[PDB]
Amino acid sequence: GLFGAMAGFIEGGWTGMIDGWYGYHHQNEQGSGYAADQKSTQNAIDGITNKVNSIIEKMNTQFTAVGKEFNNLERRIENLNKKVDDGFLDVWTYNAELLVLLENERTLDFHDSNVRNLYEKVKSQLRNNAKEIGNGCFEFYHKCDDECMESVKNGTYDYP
C-alpha cells in the first residue's frame, strides 16, 4: 500500500493465521505454523476501536423534530425551512461520504504500515543470520529451532 507491504512486497494474506491481524509463519525441521504477533495486533485493535468510537461518539445530537407545517401563505418561510433541511442534509452527506472514504484509506494504510514495521522489526534482529527472500520471509543461515523461532517473535533474538 502506502508502505508497500499489503499486496506489495508481501502480496496476499494468510487464511491460516487465525489469532490476529499481523504475525508470522515459521518453518523449521521441527514443524510449521502461524502465530499472530500479539502486541501489534492488540494495539491496532485498540486504535481502530478508538477510531470508530471517536467517529461515532463525537456526533452530537440535540433532541429535535425536523418537520414544520406552513400554510399556503407561508410558502417563503416554508422554502426557507426547506433550504435549511436540504442545507444540512447536504453537508452531512458530503461529510459522511468523504469522512469514510478518507478514513478508510487511512485505516488500510495503518495496517500496511503495521505489517511493514513488523517486517522491519524482524529484518532488524536477524540481519546477516538470514537472507531476505523478497516475499516477506527470512531464511536463517543457521538452524533455528522452536526456542529460536520464539526468540525472534518475542524480540529477543541473539547475536546477529
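Quick note: we count residues from 1 along the sequence shown, nothing fancier.
- Averaged over Cα atoms, the B-factor as recorded in the entry is higher for 55-63 than for the other of 101-109 and 55-63.
- Taking the mean C-alpha B-factor of each stretch as recorded, 146-154 and 12-20 are not equal, and the higher mean is that of 146-154.
- Per the deposited record, the Cα B-factor of residue 4 falls in the lowest third when ranked against the other modelled residues of its chain.
- Ranked within its chain, residue 96 lands in the middle third, by CA B factor from the PDB record.
- The entry lists a Cα temperature factor for residue 126 that places it in the highest third of the chain's modelled residues.
- Residue-level temperature factors show residue 36 in the middle third of its chain, judged at the C-alpha atom.
- Among the modelled residues of the chain, residue 27 sits in the highest third by CA temperature factor in this PDB entry.
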